[PDB]
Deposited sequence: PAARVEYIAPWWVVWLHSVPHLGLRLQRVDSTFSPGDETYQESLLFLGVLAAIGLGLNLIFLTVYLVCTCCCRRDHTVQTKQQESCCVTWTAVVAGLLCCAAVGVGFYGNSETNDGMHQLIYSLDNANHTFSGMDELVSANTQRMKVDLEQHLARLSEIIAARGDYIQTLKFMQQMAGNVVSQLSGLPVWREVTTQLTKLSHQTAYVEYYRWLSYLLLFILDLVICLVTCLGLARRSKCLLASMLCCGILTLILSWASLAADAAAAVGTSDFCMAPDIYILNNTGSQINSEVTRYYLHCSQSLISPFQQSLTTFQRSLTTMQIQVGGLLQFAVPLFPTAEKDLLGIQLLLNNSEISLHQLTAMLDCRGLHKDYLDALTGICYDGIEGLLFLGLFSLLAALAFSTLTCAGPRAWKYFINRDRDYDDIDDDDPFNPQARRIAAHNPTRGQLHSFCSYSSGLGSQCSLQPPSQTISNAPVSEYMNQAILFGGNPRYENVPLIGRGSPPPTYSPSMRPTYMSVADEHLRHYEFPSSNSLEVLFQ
């Protein structure tokens, strides 16, 4: 039993000042689909574009100085490109693994909720068929014995009580129907993001290797187009840095205080106390369902005792009736078994473990991958800047 605590790379990154456009201070509270927050992240993109423009201004200054008015730099550029590619590959793998763990946890939670709902529905149907079995049995088998009719009626009322107790439990249709869509969407987005960064890595490596191989054939016509591509790769790297910074700050925002956001998001389809119980599990919050399970088991035991007593006192009288009554016993047995499974799902240990696993997949692997991808972008930008600086010196 452990509780999530935000690591250093989350709290420190959350400490980064948040600004809008006109030197305005905004609230560093996660709020997707907004305007004072969604546009707040665009400041990072503005800073990235400013840095890209400044870098190209300095490169143009160098070109003007070297036009109007060596192998060590190429070696440095190649080494920096290789280091950047390695760091980027590691970061991409880590941030893909984080989302894979997220999807796994969401699938597990969806399966548990579906199992709970199916068990409740099956128990309700079982009681509904118990009703008609009682009706058929008391139709004409028991006439003179008033006590037998009385105990059949008492069993029928107990069945009604069990039905009401089962209906007392919540319904998990909305949570499942949103978890499935969130899982599908995150898988889709993760696939495209991974493919895009893989293509970027391949393109960078190919360009650098072609540069190294073709610099030996004494500056053919490919050099000009290659140098032109050296600017599109730079703008791609800067855009990657902007995207990584925005995603990292968003994840830090929805990792500093995740339970507040989760509780605020869901307050209608399921109760607030249920959510607080599932998100916070300890031997102080006992259960909101303790009374319901207790009375369900009490009614089941009363039913079983009455059925046993009826069997012990009806073997000689109406021997052909047991064919129905024994079935009831089996039915109750099944119900009893289901109850155990139910108390294994209503316990919050499994769901809290799934929530902790999803949160670890978000805040411990996605953010590290984004940070390493930002380091990749910085190193690749530096290496390509060095390559473009050393290019025209040949001609």
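By the record, the deposited chain contains unmodelled runs at 1 to 3, 73 to 87, 414 to 540, with no C-alpha atoms placed there.
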